[PDB]
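Below is one structure, written out as structure tokens; comments come after it.
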């Protein structure tokens, strides 16, 4: 329960960067809790979103981008590696061509870059989860 939610951290990403998030759903999957991770272009919440990743636990995952204030083509996946009431480790890798999302060590989603990752200035993690760890690789 350390780390407040909504959690916001200034960040800079480039090919090779990795964002690791460790947390746990706050309620039963039956009640459809959500998890949202947004890579923003500015420090403010209303800024554009380079990568929007939203998990409706137990049902589906939606990905998109908000450019110049407007949402683009939504991408949806029914792949659901998350386990009810379980702590999860989510890792997002910045590859040259896209983001690769691993859930507990398994590749589960990818999203081709719509905007250069270098445009990212902030990452916000929120919705129905407790956050135990947040780390951006800066090597």
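In my numbering, the protein residues as written are 56 to 194.
For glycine and all other residues, C-beta sits at the position ideal for the given N, C-alpha and C.
Rounded C-alpha distance that separates residue i from residue j
i	j	result
residue 68	residue 172	6 Å
residue 167	residue 149	10 Å
residue 152	residue 105	14 Å
residue 121	residue 98	15 Å
residue 123	residue 65	20 Å
residue 137	residue 147	15 Å
residue 174	residue 189	20 Å
residue 128	residue 181	22 Å
Cβ distance (whole Å) where residue i is taken to contact residue j below 8 Å
i	j	result
residue 59	residue 183	14 Å between Cβ atoms; not a contact.
residue 163	residue 72	No, residue 163 and residue 72 are not in contact; Cβ-Cβ is about 19 Å, not under 8 Å.
residue 165	residue 156	7 Å
residue 112	residue 84	5 Å
Opposing strand residues paired with residue i [DSSP bridges]
i	result
residue 78	143, 186
residue 153	167
residue 132	116
residue 62	180
Per-residue burial, residue i [other beta carbons within 10 Å of its own, 16 or more giving buried]
i	result
residue 82	exposed
residue 86	exposed
residue 221	Any question about residue 221 goes unanswered here, given that the chain covers just 56 to 194.
residue 140	exposed
residue 80	buried
residue 78	buried
Per-residue DSSP class, three states only, for residue i
i	result
residue 166	strand
residue 112	coil
residue 68	coil
residue 85	helix
residue 173	helix
residue 73	strand
residue 148	strand
residue 103	coil
Heavy atom of the ligand FMN within 7 Å of residue i beta-carbon
i	result
residue 150	With respect to small molecules bound, the structure shown includes none, and the ligand FMN cannot be examined in it.
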